[PDB]
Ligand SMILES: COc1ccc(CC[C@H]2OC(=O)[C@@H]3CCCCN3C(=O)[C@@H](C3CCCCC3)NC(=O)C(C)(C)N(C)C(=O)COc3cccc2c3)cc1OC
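Take a look at this one chain, the form deposited without the ligand, written out in structure tokens.
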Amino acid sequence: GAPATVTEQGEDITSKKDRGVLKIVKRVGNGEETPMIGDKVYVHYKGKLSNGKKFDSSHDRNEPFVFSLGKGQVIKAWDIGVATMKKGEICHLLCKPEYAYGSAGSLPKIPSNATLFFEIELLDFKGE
């Protein structure tokens, strides 16, 4: 399914090229610009564990999740991944623990040393 397709065909968007964040675009955005570090970004997401089980979604609060890009307000994989997205884009990200919650996890929802899958939609971005 989708996570195995990211494993097998995803683009490595990390600077080190350690496969820490792999990406597949699912829906093109509009406009060619991506957010700059420091921009406010507005996302919907669905997050699944390696066995396919949901661990979280913005839709659980029925509102977009809002954060400042590149400030470490989110896991590393999001600061990297969202920066690559255009407004309106939907992508799939597979995120190794080093770029997510590491050996600590976020228990019980996220186990130790968990590779995470996200489907993320970049709804909007705005400058600071």
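In this text, residue numbers run from 1 along the sequence as written.
Only in words, not in the display: the form solved in complex with the ligand, which the text now covers.
This form has no room for the ligand: after superposition of the C-alphas round the site, using its pose in the bound PDB entry, 3 or more of its atoms sit within 2.4 Å of a backbone or C-beta atom.
Checking 92, 48, 87, 96 for any heavy atom within 4.5 Å of the ligand in the bound PDB entry turns up a single hit: 48. The ligand in the bound PDB entry comes within 4.5 Å of no heavy atom belonging to residue 24. The closest non-hydrogen atom of residue 19 lies beyond 4.5 Å of the ligand in the bound PDB entry. Using a 4.5 Å cutoff between non-hydrogen atoms, residue 31 does not count as a contact of the ligand in the bound PDB entry. Contacts between 67-83 and the ligand, taken as any heavy atom within 4.5 Å in the bound PDB entry, involve 72, 73, 74, 75, 78.
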